[PDB]
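*Asks:* Data file run18.cif (mmCIF, C-alpha atoms) is appended below.
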```
data_entry
loop_
_atom_site.group_PDB
_atom_site.id
_atom_site.type_symbol
_atom_site.label_atom_id
_atom_site.label_comp_id
_atom_site.auth_asym_id
_atom_site.auth_seq_id
_atom_site.Cartn_x
_atom_site.Cartn_y
_atom_site.Cartn_z
ATOM 1 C CA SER J 1 14.720 -29.281 -18.651
ATOM 2 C CA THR J 2 11.021 -28.660 -18.116
ATOM 3 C CA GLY J 3 8.078 -30.294 -16.368
ATOM 4 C CA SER J 4 4.326 -30.076 -16.849
ATOM 5 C CA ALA J 5 1.679 -31.619 -14.596
ATOM 6 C CA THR J 6 -2.086 -31.384 -14.400
ATOM 7 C CA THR J 7 -3.588 -30.100 -11.153
ATOM 8 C CA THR J 8 -7.104 -31.175 -10.220
ATOM 9 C CA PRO J 9 -9.642 -29.727 -7.746
ATOM 10 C CA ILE J 10 -10.214 -32.006 -4.768
ATOM 11 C CA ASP J 11 -13.965 -31.301 -4.651
ATOM 12 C CA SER J 12 -16.790 -29.438 -6.369
ATOM 13 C CA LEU J 13 -15.876 -26.161 -4.617
ATOM 14 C CA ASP J 14 -12.195 -26.011 -5.640
ATOM 15 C CA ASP J 15 -11.251 -26.126 -1.949
ATOM 16 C CA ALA J 16 -7.727 -27.142 -3.004
ATOM 17 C CA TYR J 17 -5.904 -28.694 -5.951
ATOM 18 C CA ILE J 18 -3.870 -31.912 -6.100
ATOM 19 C CA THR J 19 -1.010 -32.673 -8.474
ATOM 20 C CA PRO J 20 0.520 -36.153 -8.883
ATOM 21 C CA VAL J 21 4.156 -36.414 -7.779
ATOM 22 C CA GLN J 22 6.498 -39.387 -8.236
ATOM 23 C CA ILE J 23 8.697 -40.125 -5.199
ATOM 24 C CA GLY J 24 11.343 -42.819 -4.915
ATOM 25 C CA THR J 25 12.488 -45.832 -6.897
ATOM 26 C CA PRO J 26 10.330 -47.513 -8.087
ATOM 27 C CA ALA J 27 8.077 -44.481 -8.217
ATOM 28 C CA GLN J 28 5.447 -44.027 -5.531
ATOM 29 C CA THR J 29 2.854 -41.554 -6.811
ATOM 30 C CA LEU J 30 1.254 -39.275 -4.225
ATOM 31 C CA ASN J 31 -1.214 -36.460 -4.870
ATOM 32 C CA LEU J 32 0.248 -33.327 -3.328
ATOM 33 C CA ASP J 33 -1.098 -29.847 -2.666
ATOM 34 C CA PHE J 34 1.301 -27.438 -4.386
ATOM 35 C CA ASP J 35 1.565 -24.500 -1.993
ATOM 36 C CA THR J 36 3.287 -21.259 -3.012
ATOM 37 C CA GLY J 37 2.736 -20.067 0.578
ATOM 38 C CA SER J 38 5.010 -22.602 2.299
ATOM 39 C CA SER J 39 8.336 -24.290 1.697
ATOM 40 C CA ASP J 40 8.167 -27.893 2.961
ATOM 41 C CA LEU J 41 7.548 -30.970 0.840
ATOM 42 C CA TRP J 42 5.939 -33.349 3.307
ATOM 43 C CA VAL J 43 3.997 -36.563 2.852
ATOM 44 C CA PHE J 44 1.819 -39.040 4.634
ATOM 45 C CA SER J 45 4.062 -42.047 5.126
ATOM 46 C CA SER J 46 4.555 -45.474 6.638
ATOM 47 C CA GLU J 47 5.725 -43.527 9.735
ATOM 48 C CA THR J 48 2.497 -41.553 10.196
ATOM 49 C CA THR J 49 0.580 -42.486 13.354
ATOM 50 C CA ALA J 50 -1.890 -45.073 12.098
ATOM 51 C CA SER J 51 -4.961 -43.448 13.690
ATOM 52 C CA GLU J 52 -4.134 -40.241 11.787
ATOM 53 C CA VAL J 53 -4.225 -41.895 8.345
ATOM 54 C CA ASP J 54 -7.699 -42.182 6.777
ATOM 55 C CA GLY J 55 -7.523 -43.006 3.077
ATOM 56 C CA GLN J 56 -4.390 -41.129 2.002
ATOM 57 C CA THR J 57 -1.718 -42.739 -0.110
ATOM 58 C CA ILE J 58 1.482 -43.101 1.911
ATOM 59 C CA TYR J 59 5.152 -42.912 1.014
ATOM 60 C CA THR J 60 7.094 -45.921 2.300
ATOM 61 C CA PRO J 61 10.804 -45.004 2.249
ATOM 62 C CA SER J 62 11.871 -48.575 3.018
ATOM 63 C CA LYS J 63 10.492 -49.613 -0.398
ATOM 64 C CA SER J 64 12.531 -46.973 -2.265
ATOM 65 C CA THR J 65 16.052 -47.969 -3.275
ATOM 66 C CA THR J 66 17.020 -44.284 -3.549
ATOM 67 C CA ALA J 67 15.663 -43.137 -0.164
ATOM 68 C CA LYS J 68 18.193 -42.138 2.489
ATOM 69 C CA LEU J 69 17.425 -40.999 6.013
ATOM 70 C CA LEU J 70 18.654 -37.442 6.526
ATOM 71 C CA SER J 71 20.202 -38.229 9.878
ATOM 72 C CA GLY J 72 19.088 -36.066 12.785
ATOM 73 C CA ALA J 73 16.738 -33.910 10.726
ATOM 74 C CA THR J 74 13.240 -33.128 11.963
ATOM 75 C CA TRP J 75 10.520 -30.790 10.798
ATOM 76 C CA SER J 76 7.393 -29.224 12.249
ATOM 77 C CA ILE J 77 5.021 -26.798 10.570
ATOM 78 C CA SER J 78 1.865 -24.876 11.459
ATOM 79 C CA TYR J 79 -0.285 -23.313 8.761
ATOM 80 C CA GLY J 80 -2.437 -20.201 8.742
ATOM 81 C CA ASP J 81 -5.603 -22.299 9.083
ATOM 82 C CA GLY J 82 -4.364 -23.801 12.357
ATOM 83 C CA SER J 83 -3.414 -27.185 10.913
ATOM 84 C CA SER J 84 0.010 -28.727 11.522
ATOM 85 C CA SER J 85 2.262 -31.713 10.908
ATOM 86 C CA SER J 86 5.715 -32.913 11.913
ATOM 87 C CA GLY J 87 8.174 -35.751 11.454
ATOM 88 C CA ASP J 88 11.601 -36.780 10.158
ATOM 89 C CA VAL J 89 13.293 -36.426 6.777
ATOM 90 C CA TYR J 90 14.540 -38.544 3.889
ATOM 91 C CA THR J 91 16.212 -37.535 0.675
ATOM 92 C CA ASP J 92 14.876 -39.235 -2.441
ATOM 93 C CA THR J 93 14.231 -38.743 -6.138
ATOM 94 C CA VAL J 94 11.149 -36.616 -6.817
ATOM 95 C CA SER J 95 9.633 -36.033 -10.245
ATOM 96 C CA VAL J 96 6.829 -33.648 -11.255
ATOM 97 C CA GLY J 97 5.430 -33.829 -14.766
ATOM 98 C CA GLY J 98 8.632 -35.284 -16.172
ATOM 99 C CA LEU J 99 11.055 -33.004 -14.284
ATOM 100 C CA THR J 100 13.295 -34.932 -11.891
ATOM 101 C CA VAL J 101 15.214 -33.744 -8.824
ATOM 102 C CA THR J 102 17.599 -36.129 -7.101
ATOM 103 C CA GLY J 103 18.345 -35.669 -3.427
ATOM 104 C CA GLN J 104 15.121 -33.789 -2.666
ATOM 105 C CA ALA J 105 14.216 -33.491 1.007
ATOM 106 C CA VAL J 106 11.020 -35.508 1.481
ATOM 107 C CA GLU J 107 9.618 -34.753 4.932
ATOM 108 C CA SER J 108 7.909 -37.839 6.324
ATOM 109 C CA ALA J 109 5.012 -37.111 8.657
ATOM 110 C CA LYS J 110 4.952 -38.853 12.004
ATOM 111 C CA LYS J 111 1.997 -36.703 13.150
ATOM 112 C CA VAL J 112 -0.633 -34.684 11.305
ATOM 113 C CA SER J 113 -3.482 -32.587 12.655
ATOM 114 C CA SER J 114 -7.118 -33.577 12.283
ATOM 115 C CA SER J 115 -7.842 -31.492 9.183
ATOM 116 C CA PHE J 116 -5.190 -33.421 7.239
ATOM 117 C CA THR J 117 -6.457 -36.802 8.459
ATOM 118 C CA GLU J 118 -10.000 -35.816 7.516
ATOM 119 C CA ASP J 119 -9.046 -34.922 3.929
ATOM 120 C CA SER J 120 -8.447 -38.255 2.216
ATOM 121 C CA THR J 121 -7.618 -36.621 -1.139
ATOM 122 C CA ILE J 122 -4.422 -34.792 -0.085
ATOM 123 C CA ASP J 123 -1.370 -37.006 0.476
ATOM 124 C CA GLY J 124 0.907 -34.118 1.475
ATOM 125 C CA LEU J 125 2.121 -30.678 0.470
ATOM 126 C CA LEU J 126 4.765 -29.481 -1.967
ATOM 127 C CA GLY J 127 5.972 -26.048 -0.918
ATOM 128 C CA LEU J 128 6.911 -23.471 -3.554
ATOM 129 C CA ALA J 129 7.578 -20.359 -1.438
ATOM 130 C CA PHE J 130 11.181 -19.368 -0.729
ATOM 131 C CA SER J 131 13.432 -21.902 0.951
ATOM 132 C CA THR J 132 14.115 -19.521 3.850
ATOM 133 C CA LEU J 133 10.739 -20.667 5.254
ATOM 134 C CA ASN J 134 11.611 -24.375 5.199
ATOM 135 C CA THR J 135 11.200 -25.845 8.686
ATOM 136 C CA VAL J 136 13.774 -28.670 8.623
ATOM 137 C CA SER J 137 16.167 -28.511 11.570
ATOM 138 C CA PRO J 138 19.089 -28.349 12.167
ATOM 139 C CA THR J 139 19.876 -28.059 8.427
ATOM 140 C CA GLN J 140 17.259 -26.126 6.447
ATOM 141 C CA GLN J 141 16.325 -27.772 3.144
ATOM 142 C CA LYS J 142 15.572 -26.440 -0.333
ATOM 143 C CA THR J 143 12.245 -26.595 -2.120
ATOM 144 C CA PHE J 144 11.687 -28.695 -5.218
ATOM 145 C CA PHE J 145 11.776 -25.546 -7.363
ATOM 146 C CA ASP J 146 14.987 -24.308 -5.743
ATOM 147 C CA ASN J 147 16.648 -27.665 -6.386
ATOM 148 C CA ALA J 148 15.430 -27.816 -9.997
ATOM 149 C CA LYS J 149 16.046 -24.170 -10.895
ATOM 150 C CA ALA J 150 19.558 -24.437 -12.322
ATOM 151 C CA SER J 151 18.532 -27.287 -14.645
ATOM 152 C CA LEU J 152 15.394 -25.575 -15.934
ATOM 153 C CA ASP J 153 15.334 -23.946 -19.365
ATOM 154 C CA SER J 154 14.124 -20.763 -17.624
ATOM 155 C CA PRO J 155 14.042 -20.298 -13.801
ATOM 156 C CA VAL J 156 10.249 -20.058 -13.561
ATOM 157 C CA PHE J 157 7.148 -22.034 -12.753
ATOM 158 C CA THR J 158 3.592 -21.163 -13.690
ATOM 159 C CA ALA J 159 0.230 -21.798 -12.025
ATOM 160 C CA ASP J 160 -2.833 -22.124 -14.255
ATOM 161 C CA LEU J 161 -5.609 -23.189 -11.902
ATOM 162 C CA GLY J 162 -9.021 -24.082 -13.284
ATOM 163 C CA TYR J 163 -12.459 -23.003 -12.118
ATOM 164 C CA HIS J 164 -14.311 -26.241 -11.402
ATOM 165 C CA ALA J 165 -11.880 -27.931 -13.803
ATOM 166 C CA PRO J 166 -8.298 -29.189 -14.011
ATOM 167 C CA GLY J 167 -5.388 -26.864 -14.699
ATOM 168 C CA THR J 168 -1.615 -27.013 -15.039
ATOM 169 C CA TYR J 169 1.619 -26.381 -13.185
ATOM 170 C CA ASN J 170 4.564 -25.926 -15.560
ATOM 171 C CA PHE J 171 8.236 -25.737 -14.607
ATOM 172 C CA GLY J 172 10.926 -24.149 -16.728
ATOM 173 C CA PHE J 173 8.863 -22.576 -19.510
ATOM 174 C CA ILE J 174 5.964 -20.215 -20.185
ATOM 175 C CA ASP J 175 3.224 -21.741 -22.364
ATOM 176 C CA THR J 176 2.287 -18.815 -24.601
ATOM 177 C CA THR J 177 -0.899 -20.641 -25.662
ATOM 178 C CA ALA J 178 -2.229 -20.703 -22.095
ATOM 179 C CA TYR J 179 -3.178 -17.027 -21.708
ATOM 180 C CA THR J 180 -4.633 -14.088 -23.609
ATOM 181 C CA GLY J 181 -3.011 -10.725 -24.089
ATOM 182 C CA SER J 182 0.309 -10.033 -22.413
ATOM 183 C CA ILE J 183 1.779 -10.963 -19.038
ATOM 184 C CA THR J 184 2.201 -8.017 -16.675
ATOM 185 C CA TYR J 185 5.113 -8.429 -14.294
ATOM 186 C CA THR J 186 5.260 -6.837 -10.855
ATOM 187 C CA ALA J 187 7.885 -6.621 -8.120
ATOM 188 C CA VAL J 188 8.232 -9.215 -5.353
ATOM 189 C CA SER J 189 9.584 -8.868 -1.835
ATOM 190 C CA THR J 190 11.103 -12.051 -0.430
ATOM 191 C CA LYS J 191 11.618 -10.490 3.018
ATOM 192 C CA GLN J 192 8.907 -12.677 4.617
ATOM 193 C CA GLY J 193 9.734 -15.735 2.489
ATOM 194 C CA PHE J 194 6.580 -15.367 0.382
ATOM 195 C CA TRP J 195 5.754 -14.346 -3.173
ATOM 196 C CA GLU J 196 4.741 -10.968 -1.801
ATOM 197 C CA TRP J 197 3.651 -8.201 -4.162
ATOM 198 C CA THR J 198 1.524 -5.031 -4.231
ATOM 199 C CA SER J 199 -1.720 -4.883 -6.154
ATOM 200 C CA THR J 200 -2.577 -1.463 -7.559
ATOM 201 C CA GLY J 201 -6.254 -1.522 -6.542
ATOM 202 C CA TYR J 202 -9.646 -3.039 -7.117
ATOM 203 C CA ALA J 203 -13.127 -2.709 -8.549
ATOM 204 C CA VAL J 204 -16.435 -4.308 -7.571
ATOM 205 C CA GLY J 205 -18.598 -5.465 -10.461
ATOM 206 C CA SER J 206 -18.969 -2.736 -13.074
ATOM 207 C CA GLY J 207 -17.899 -0.087 -10.567
ATOM 208 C CA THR J 208 -15.048 2.348 -10.954
ATOM 209 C CA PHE J 209 -11.541 1.158 -10.191
ATOM 210 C CA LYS J 210 -10.105 2.322 -6.856
ATOM 211 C CA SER J 211 -6.375 2.957 -7.048
ATOM 212 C CA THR J 212 -4.838 1.835 -3.767
ATOM 213 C CA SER J 213 -1.822 -0.282 -2.894
ATOM 214 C CA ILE J 214 -2.659 -3.704 -1.445
ATOM 215 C CA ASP J 215 0.363 -5.709 -0.279
ATOM 216 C CA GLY J 216 -0.275 -9.449 -0.257
ATOM 217 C CA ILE J 217 0.990 -12.911 -1.146
ATOM 218 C CA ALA J 218 0.304 -15.162 -4.132
ATOM 219 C CA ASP J 219 -0.658 -18.361 -2.285
ATOM 220 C CA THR J 220 -1.884 -21.407 -4.189
ATOM 221 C CA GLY J 221 -2.328 -23.242 -0.874
ATOM 222 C CA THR J 222 -5.035 -20.889 0.418
ATOM 223 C CA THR J 223 -8.535 -21.386 -0.979
ATOM 224 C CA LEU J 224 -9.986 -17.880 -0.653
ATOM 225 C CA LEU J 225 -9.111 -14.239 -1.309
ATOM 226 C CA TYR J 226 -8.309 -12.395 1.946
ATOM 227 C CA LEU J 227 -8.200 -8.587 1.705
ATOM 228 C CA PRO J 228 -8.484 -5.542 3.997
ATOM 229 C CA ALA J 229 -11.800 -5.120 5.762
ATOM 230 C CA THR J 230 -12.557 -1.895 3.861
ATOM 231 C CA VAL J 231 -12.251 -3.663 0.484
ATOM 232 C CA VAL J 232 -14.234 -6.701 1.581
ATOM 233 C CA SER J 233 -17.038 -4.542 3.022
ATOM 234 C CA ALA J 234 -17.244 -2.626 -0.259
ATOM 235 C CA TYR J 235 -17.602 -5.921 -2.134
ATOM 236 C CA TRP J 236 -20.296 -7.511 0.046
ATOM 237 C CA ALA J 237 -22.287 -4.275 0.249
ATOM 238 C CA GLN J 238 -23.191 -4.947 -3.391
ATOM 239 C CA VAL J 239 -24.871 -8.278 -2.503
ATOM 240 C CA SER J 240 -28.362 -7.998 -1.038
ATOM 241 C CA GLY J 241 -28.528 -9.761 2.308
ATOM 242 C CA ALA J 242 -24.812 -10.416 2.657
ATOM 243 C CA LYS J 243 -23.424 -10.049 6.156
ATOM 244 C CA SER J 244 -20.428 -10.938 8.272
ATOM 245 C CA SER J 245 -21.310 -13.756 10.659
ATOM 246 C CA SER J 246 -19.125 -14.248 13.719
ATOM 247 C CA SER J 247 -20.698 -17.667 14.297
ATOM 248 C CA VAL J 248 -19.920 -18.893 10.787
ATOM 249 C CA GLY J 249 -16.540 -17.157 10.626
ATOM 250 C CA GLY J 250 -16.883 -14.670 7.789
ATOM 251 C CA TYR J 251 -19.133 -13.153 5.181
ATOM 252 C CA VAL J 252 -22.143 -15.194 4.122
ATOM 253 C CA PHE J 253 -24.743 -14.363 1.515
ATOM 254 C CA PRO J 254 -28.091 -15.698 0.305
ATOM 255 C CA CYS J 255 -27.534 -18.694 -1.934
ATOM 256 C CA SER J 256 -30.137 -17.173 -4.290
ATOM 257 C CA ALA J 257 -27.851 -14.207 -5.041
ATOM 258 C CA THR J 258 -25.977 -13.519 -8.254
ATOM 259 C CA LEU J 259 -22.544 -12.329 -7.188
ATOM 260 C CA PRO J 260 -20.713 -9.416 -8.832
ATOM 261 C CA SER J 261 -17.230 -9.811 -10.222
ATOM 262 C CA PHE J 262 -14.143 -8.512 -8.430
ATOM 263 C CA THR J 263 -11.238 -6.906 -10.270
ATOM 264 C CA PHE J 264 -7.711 -6.530 -8.910
ATOM 265 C CA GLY J 265 -4.895 -4.466 -10.368
ATOM 266 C CA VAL J 266 -1.497 -5.721 -11.483
ATOM 267 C CA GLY J 267 0.376 -2.577 -12.409
ATOM 268 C CA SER J 268 -1.745 -0.966 -15.111
ATOM 269 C CA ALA J 269 -3.383 -4.318 -15.958
ATOM 270 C CA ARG J 270 -6.571 -5.786 -14.493
ATOM 271 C CA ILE J 271 -7.563 -9.344 -13.573
ATOM 272 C CA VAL J 272 -11.317 -9.976 -13.365
ATOM 273 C CA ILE J 273 -12.610 -12.647 -10.979
ATOM 274 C CA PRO J 274 -16.096 -13.670 -12.180
ATOM 275 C CA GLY J 275 -18.802 -13.591 -9.531
ATOM 276 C CA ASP J 276 -19.333 -17.360 -9.679
ATOM 277 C CA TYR J 277 -15.734 -17.916 -8.507
ATOM 278 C CA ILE J 278 -16.690 -16.200 -5.216
ATOM 279 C CA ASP J 279 -19.489 -18.675 -4.349
ATOM 280 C CA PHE J 280 -18.358 -21.377 -1.891
ATOM 281 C CA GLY J 281 -21.778 -22.895 -1.436
ATOM 282 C CA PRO J 282 -23.990 -23.626 1.552
ATOM 283 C CA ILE J 283 -22.414 -23.150 4.973
ATOM 284 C CA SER J 284 -23.828 -26.560 5.928
ATOM 285 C CA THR J 285 -25.604 -29.140 3.829
ATOM 286 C CA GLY J 286 -29.016 -27.885 2.765
ATOM 287 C CA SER J 287 -28.570 -24.334 4.079
ATOM 288 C CA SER J 288 -29.654 -21.336 2.007
ATOM 289 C CA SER J 289 -26.784 -19.313 3.492
ATOM 290 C CA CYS J 290 -23.700 -19.539 1.296
ATOM 291 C CA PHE J 291 -20.094 -18.844 2.202
ATOM 292 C CA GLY J 292 -18.247 -16.033 0.454
ATOM 293 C CA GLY J 293 -14.965 -16.431 -1.380
ATOM 294 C CA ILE J 294 -13.696 -12.948 -0.474
ATOM 295 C CA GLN J 295 -13.021 -12.573 3.260
ATOM 296 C CA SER J 296 -11.320 -10.094 5.553
ATOM 297 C CA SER J 297 -7.614 -10.445 6.287
ATOM 298 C CA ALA J 298 -7.944 -8.313 9.419
ATOM 299 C CA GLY J 299 -7.320 -11.286 11.717
ATOM 300 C CA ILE J 300 -4.435 -12.733 9.662
ATOM 301 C CA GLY J 301 -1.757 -10.041 9.520
ATOM 302 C CA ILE J 302 -1.331 -10.341 5.737
ATOM 303 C CA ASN J 303 -3.478 -10.138 2.622
ATOM 304 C CA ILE J 304 -3.669 -13.402 0.694
ATOM 305 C CA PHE J 305 -4.288 -13.767 -3.041
ATOM 306 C CA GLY J 306 -5.459 -17.361 -2.761
ATOM 307 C CA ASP J 307 -6.995 -19.686 -5.324
ATOM 308 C CA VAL J 308 -10.097 -17.517 -5.830
ATOM 309 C CA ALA J 309 -7.862 -14.795 -7.269
ATOM 310 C CA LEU J 310 -5.141 -16.889 -8.846
ATOM 311 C CA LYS J 311 -7.526 -19.181 -10.778
ATOM 312 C CA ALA J 312 -8.714 -16.097 -12.707
ATOM 313 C CA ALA J 313 -5.182 -15.650 -14.121
ATOM 314 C CA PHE J 314 -2.182 -17.306 -15.661
ATOM 315 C CA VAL J 315 0.456 -16.682 -12.994
ATOM 316 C CA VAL J 316 4.231 -16.676 -13.522
ATOM 317 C CA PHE J 317 6.449 -17.274 -10.497
ATOM 318 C CA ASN J 318 9.734 -15.904 -11.820
ATOM 319 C CA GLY J 319 12.666 -17.213 -9.770
ATOM 320 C CA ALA J 320 15.348 -15.149 -11.450
ATOM 321 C CA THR J 321 18.036 -13.564 -9.271
ATOM 322 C CA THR J 322 15.521 -10.796 -8.578
ATOM 323 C CA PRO J 323 12.196 -12.679 -8.410
ATOM 324 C CA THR J 324 9.047 -11.186 -9.902
ATOM 325 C CA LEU J 325 5.430 -12.249 -10.430
ATOM 326 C CA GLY J 326 3.566 -12.135 -13.726
ATOM 327 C CA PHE J 327 -0.191 -12.176 -14.284
ATOM 328 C CA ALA J 328 -2.124 -12.592 -17.526
ATOM 329 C CA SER J 329 -5.800 -12.988 -18.266
ATOM 330 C CA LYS J 330 -6.840 -16.290 -19.803
#
```
Give the structure from this file in structure tokens form.

*Replies:*
Amino acid sequence: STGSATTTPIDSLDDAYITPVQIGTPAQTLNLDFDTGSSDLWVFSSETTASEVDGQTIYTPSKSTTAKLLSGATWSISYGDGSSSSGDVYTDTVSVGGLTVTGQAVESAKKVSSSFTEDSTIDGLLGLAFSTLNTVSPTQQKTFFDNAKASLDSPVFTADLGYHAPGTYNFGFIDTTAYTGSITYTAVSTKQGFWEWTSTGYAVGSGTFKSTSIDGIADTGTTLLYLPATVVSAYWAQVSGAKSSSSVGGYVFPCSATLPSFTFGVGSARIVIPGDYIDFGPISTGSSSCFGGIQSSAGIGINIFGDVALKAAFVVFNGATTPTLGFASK
């Protein structure tokens, strides 16, 4: 089997991407944030505290003839941005782009933090990291990809995120029309539960490539590109007036600037992030200070190849017995 679904930016900045997902019988369609940096499929639901729902579409398990309470199971998750959610668990039928999994753990939110409430466009998350990170207790649950893997034509999914435009998540096949050149594959460590790999270096604009190993995660659920402070300083030094602002929370730059590109290495190959992808617009409405799309990871503990980087590539998440990542230009 295969599946193919369009993913759409939630706003004009590509702050996140939503993909429609069918849950239950009859289908209830919710727009979920596919997140290769976590491993829980959770949804706003009829059980979510009413004051914490503000425009999201909810899953109502009592209206699904295939929903079953997973007795005793609870979940609770906290994300790198400080947001969180928690609740109980049902199993139900879940379909993405024509690919159907029966018995998928659907984690029903009883509580969500303010950032989720405040984002009316995201009805939940669909985790695509390794199932060892799944938070369901006392019986850890498998991700949608893990449950589908054996049925797929090939044990892979691909992320093809658009810049200010829709893109595609495919399951079970590699669309050879969706990229240019060849796909370069690189090793993955699953030791932290992430799609963790080592970039071979970087360049700023037309500058010379610096060969240096940068360990980080391919994370579709993180908006920006978070890299070591040395790398980020080298980037922003090429932008007149750019500075790191403690009050704003990162590097800002004059909105009048033209940003240079940023290149990252994948083995001997190179992925080029155009400068425009690094512009996240005014820090507040009407400001001439703009927020940068490349930020320091120094306070995180891990480097994160978020959407800013991944949207410049066609990315293969290869879930073979030894997982690997592939990147192609497009």

*Asks:* Would you work out the distance separating CA of residue 60 (chain J) from CA of residue 46 (chain J), expressed in Å to one decimal?

*Replies:*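 We find that CA of residue 60 (chain J) and CA of residue 46 (chain J) lie 5.0 Å from each other.
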
*Asks:* Please write the residues picked by the PyMOL selection byres ((chain J and resi 173) around 9) on this file as a list in words.

*Replies:*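 Checking the PyMOL selection byres ((chain J and resi 173) around 9) against this file, the residues are residues 1, 2, 3, 152, 153, 154, 155, 156, 157, 158, 170, 171, 172, 174 and 175 of chain J.
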
*Asks:* Expanded to explicit residues, what is the PyMOL selection byres ((chain J and resi 188) around 6) for this file, as an mmCIF file with C-alpha atoms, in the frame of the given file?

*Replies:*
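The resulting file, result.cif, is reproduced below:
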```
data_model
loop_
_atom_site.group_PDB
_atom_site.id
_atom_site.type_symbol
_atom_site.label_atom_id
_atom_site.label_comp_id
_atom_site.auth_asym_id
_atom_site.auth_seq_id
_atom_site.Cartn_x
_atom_site.Cartn_y
_atom_site.Cartn_z
ATOM 1 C CA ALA J 187 7.885 -6.621 -8.120
ATOM 2 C CA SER J 189 9.584 -8.868 -1.835
ATOM 3 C CA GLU J 196 4.741 -10.968 -1.801
ATOM 4 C CA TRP J 197 3.651 -8.201 -4.162
ATOM 5 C CA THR J 324 9.047 -11.186 -9.902
#
```

*Asks:* For residue 71 (chain J), which residue among J:136, J:96, J:58, J:50 is the nearest when counting all atoms listed in the file?

*Replies:*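 Selected residue with least distance to residue 71 (chain J): J:136.
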
*Asks:* Convert the output of the PyMOL selection byres ((chain J and resi 127) around 12) on the shown file into explicit residues, formatted as a ChimeraX atom specification.

*Replies:* /J:32-43,77,79,105-107,124-126,128-135,141-146,193-195,219-221

*Asks:* List as an mmCIF file with C-alpha atoms, in the frame of the given file the protein and nucleic acid residues near residue 210 (chain J), meaning an atom at most 7 Å away when all atoms listed in the file are counted, but skip any in the same chain fewer than 5 places from it.

*Replies:*
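That gives us out_28.cif:
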```cif
data_model
loop_
_atom_site.group_PDB
_atom_site.id
_atom_site.type_symbol
_atom_site.label_atom_id
_atom_site.label_comp_id
_atom_site.auth_asym_id
_atom_site.auth_seq_id
_atom_site.Cartn_x
_atom_site.Cartn_y
_atom_site.Cartn_z
ATOM 1 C CA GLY J 201 -6.254 -1.522 -6.542
ATOM 2 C CA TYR J 202 -9.646 -3.039 -7.117
ATOM 3 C CA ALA J 203 -13.127 -2.709 -8.549
#
```

*Asks:* By how many Å are CA of residue 139 (chain J) and CA of residue 109 (chain J) apart?

*Replies:*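 Interatomic distance, CA of residue 139 (chain J) to CA of residue 109 (chain J): 17.4 Å.
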
*Asks:* Each residue of region 10-69 of chain J lying at most 10 Å from region 277-287 of chain J should get a row with its shortest atom-to-atom pair and the distance in Å to one decimal, counting all atoms listed in the file; could you produce that, ordered by chain and increasing number, as JSON lines?

*Replies:*
```
{"residue": "J:12", "atom": "CA", "partner": "J:280", "partner_atom": "CA", "distance": 9.4}
{"residue": "J:13", "atom": "CA", "partner": "J:280", "partner_atom": "CA", "distance": 6.0}
{"residue": "J:14", "atom": "CA", "partner": "J:280", "partner_atom": "CA", "distance": 8.6}
{"residue": "J:15", "atom": "CA", "partner": "J:280", "partner_atom": "CA", "distance": 8.5}
```

*Asks:* Compare J:308, J:30, J:99, J:89 by their minimum atom-to-atom distance to residue 271 (chain J), counting all atoms listed in the file, and give me the closest one.

*Replies:*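 Among the listed residues, the smallest separation from residue 271 (chain J) belongs to J:308.
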
*Asks:* Identify, on the basis of all atoms listed in the file, every residue whose closest approach to residue 270 (chain J) does not exceed 10 Å; exclude the query and any residue fewer than 2 positions from it along the same chain; express the result as a list in words.

*Replies:*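 Near neighbours after the sequence-gap exclusion: residues 184, 199, 200, 201, 202, 203, 209, 263, 264, 265, 266, 267, 268, 272, 273, 313, 327, 328 and 329 of chain J.
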
*Asks:* When you draw a straight line from CA of residue 168 (chain J) to CA of residue 269 (chain J), how long is it in Å?

*Replies:*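 Pair CA of residue 168 (chain J) / CA of residue 269 (chain J) returns 22.8 Å.
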
*Asks:* With all atoms listed in the file as the counted atoms, please give the residues lying no more than 9 Å from residue 161 (chain J), apart from itself and same-chain residues fewer than 5 positions off, as a ChimeraX atom specification.

*Replies:* /J:7-9,17,166-169,220,307,310-315

*Asks:* Kindly indicate which residue among J:113, J:102, J:66, J:198 lies nearest to residue 302 (chain J), using all atoms listed in the file for the distances.

*Replies:* J:198

*Asks:* Could you give me, as a ChimeraX atom specification, the residues within 6 Å of residue 85 (chain J), counting all atoms listed in the file and dropping anything in the same chain fewer than 2 positions from it?

*Replies:* /J:76-77,111-112

*Asks:* Would you output that residue set with C-alpha atoms, as a PDB file, in the coordinates of the input?

*Replies:*
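The result, stored in part16.pdb:
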```
ATOM      1  CA  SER J  76       7.393 -29.224  12.249  1.00  0.00           C
ATOM      2  CA  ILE J  77       5.021 -26.798  10.570  1.00  0.00           C
ATOM      3  CA  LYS J 111       1.997 -36.703  13.150  1.00  0.00           C
ATOM      4  CA  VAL J 112      -0.633 -34.684  11.305  1.00  0.00           C
TER       5      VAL J 112
END
```

*Asks:* Residues around (13.2, -40.4, 0.8), cut-off 6 Å, counting all atoms listed in the file - what are they as number ranges by chain?

*Replies:* J: 61, 67-68, 90-92, 106

*Asks:* Please determine the residues with any atom at most 12 Å from (-12.9, -14.0, 5.1) (coordinates as given in the file, with all atoms listed in the file counting) and report them as a ChimeraX atom specification.

*Replies:* /J:81,222-229,231-233,235-236,243-246,248-252,278,280,291-300,303-306,308

*Asks:* Using all atoms listed in the file, which protein or nucleic acid residues come within 7 Å of residue 22 (chain J)? Drop anything in the same chain fewer than 5 positions from it, and give the result as a list in words.

*Replies:*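 Counting all atoms listed in the file, the residues come to residues 27, 28, 29, 30, 94, 95 and 96 of chain J.
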
*Asks:* Could you check which of J:330, J:63, J:208, J:316 is closest to residue 181 (chain J), using all atoms listed in the file?

*Replies:*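 Under the stated criterion, the closest residue is J:330.
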